[PDB]
Structure formats: structure tokens, C-alpha cells
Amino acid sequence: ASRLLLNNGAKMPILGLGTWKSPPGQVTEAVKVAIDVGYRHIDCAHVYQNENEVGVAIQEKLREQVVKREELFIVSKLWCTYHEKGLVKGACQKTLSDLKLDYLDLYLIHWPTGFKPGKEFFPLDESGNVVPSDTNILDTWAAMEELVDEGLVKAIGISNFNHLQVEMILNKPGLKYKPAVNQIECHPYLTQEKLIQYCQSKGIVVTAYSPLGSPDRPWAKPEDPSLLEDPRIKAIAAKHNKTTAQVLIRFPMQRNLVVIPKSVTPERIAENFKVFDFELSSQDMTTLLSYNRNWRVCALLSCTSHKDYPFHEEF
């Protein structure tokens, strides 16, 4: 619909607003405009360094009575430096403070890789490599389940997990809460048919990130492919009298995925919301799928030898 049922009984808005790369000086206004426009789902993370400013916008709109809190669906993520059992509740409460909420709707493990705790988000050794924690996925999962029993979060999930890492949690002895959601990269150049089939067969909702190809990723190279400018995708958009961004947002929706485009620009935030009024045909869908080239925006290239690096497995 406009909302999908999670395995905890709550319903997640199929469209949300992303906030990675959203400057602290612009994001409060961006989230205020989104909520005005009809967004009810905001994707956040501590590592984005803008949760305080996101929270100012949420507070203003609650105070104004534009939305009730129970109508909002607010998501954040546990960063890699807080995977230790004793650091997890603390990371969560910090995010809750910044956002000025008393619970999250969904809390995700941001990446499966744990790093050494500290103030640096990517701790480097003297050789400049990332320092790993010796924690594993299962112990971090048990700390996350705690958060649900304490009332801090309603649902817990994972992000950038491959299918064997998901398996690992599902087979955990004494598993109390299943992951509700696996948030992964997904667009016409990285279609994820195998992992999406796997998660959906297990009752795990998939959220597509970087749906537009992340044209503002800080590592962008000029030779690099561009989804928004692909003439094949422009043609499908023209047929439907929509923009190529609106086609790229509608595509995961028809695959029963949640999608979270990022924008700090009021007219684009508005434009990105107008995707409930049209339908891609099944020929269009099959065509977009055929464009897959296994191209990833986010490959976490500094952690390619971490014991828990997710992207050595096929799916």
C-alpha cells in the first residue's frame, strides 16, 4: 500500500526520506518540508553527524500538531564502533537524545563489521588500516534484543548483511526477535534479485538505499555511470510523463521494497513524493531489471579484509 507490515505487527511507510550527506545547516528545513509534504518515515544514523538537527525538525512538527508521534516512523542505526555488548544501550540512548524521542521505531545494525571502540568512526592502526573489534554478529544481536525488552526501540534490524549473515541470526540458539528489516543498496545497476528473494521468503522486509545511484557520494568519479542520466531510463520516464527520479523511486515500490531517496531541496523532496499515482508496466519492470551491472556505490573498501566483510559472498 503506502505501508508494509513488519513481523512485529507495526506498519512501515514504503517511502521515507534519507539524510546521509544532508548538511546540518539544511536538514532541519528539509525534514520540516518532507513532513509537511506527507513523508512519515525518516532514515537516520549517528554516523551522519546530523541527528540533533533532524530532531529539531521532528520536535517542531510534533509541537505544531502536524503529525502525532505514532504516525511517524523514525529509523536509526548502530555504528560499527559500538558493537560491544556494553556499548549498545549507550549508542541508542545517544541517538534518542539527539533526535529528542523516547523510542525508535526501528534500530539497525549499520554494518556487520565491528571496529575498535573510540571517538574515531574509522579507527586506523599505524599502518593506516581499520582496527577490528573481536565481537561477532550474534553477541551484538543479543544486545539489540535487550533494547526491545527495555522499551527503547519497537523493532530491530540489520543493514548490509549478506544471506549467510542473515542465516546466522535466524539460526541463533534462543533467538528471541527476528530481524524486521534488511536495508541494502538497490537500483537498476545493482538489482539484488537473489538477496531480495531470500529475505522476502523469510518474512524480512527489504529497504532499498541509494535508489537514485547516490550522485552525491563523496567518492564519485566522472567516468562513473549515472542512473538519472541513463537515456534508456529517461525514455521510460517520458512515456509516463514523469521524471527519471520518480521512475527510479517507483521501481523498488513495485518490487514490494521500502525506498528512502535523500534530498535537501524542497522541490525535489516534493517531486519525490509524487510516485503513488502511476504504475510501471511489467515490460518496464523487466526492462529496468535487465540493466543490472552489479555496480555498488557503497562497498566499504577499507574493510575488505575484515572477518565480517559482507560482500565476498555472492548475495
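Note that residue numbering follows the sequence shown and begins at 1.
Peer 1: Averaging only over Cα atoms, indicate whether 65-73 or 29-37 has the higher B-factor in the PDB entry.
Peer 2: For C-alpha atoms only, the mean B-factor is higher in 65-73.
Peer 1: Taking the mean of the C-alpha B-factors per stretch from the entry, tell me the winner out of 281-289 and 40-48.
Peer 2: Mean CA B-factor is higher for 281-289.
Peer 1: Select one of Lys221, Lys154, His110, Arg232: the residue whose C-alpha shows the highest B-factor in the crystal structure entry.
Peer 2: Max CA B-factor in the entry, restricted to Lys221, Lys154, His110, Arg232: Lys221.
Peer 1: Among the candidates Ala180, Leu195, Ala237, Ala208, give the one with the maximum CA B-factor reported in the record.
Peer 2: When the deposited C-alpha B-factors of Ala180, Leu195, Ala237, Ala208 are compared, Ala237 is largest.
Peer 1: Taking the entry's C-alpha B-factors for this chain, is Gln165 in the lowest, middle or highest third?
Peer 2: Its C-alpha B-factor belongs to the middle third of this chain's values.
Peer 1: Relative to the other modelled residues in the chain, which third contains the C-alpha temperature factor of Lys307: lowest, middle or highest?
Peer 2: It falls in the middle third of the chain.
Peer 1: Determine, from the deposited record, the chain-internal third of the Cα B-factor for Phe273: lowest, middle or highest.
Peer 2: CA B-factor rank for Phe273: middle third.
Peer 1: Sorting the chain's modelled residues by C-alpha B-factor, tell me whether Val297 ends up in the lowest, middle or highest third.
Peer 2: According to the entry, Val297 has a C-alpha B-factor in the chain's highest third.
Peer 1: Sorting the chain's CA B-factors, does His187 end up in the lowest, middle or highest third?
Peer 2: Bottom third by C-alpha B-factor.
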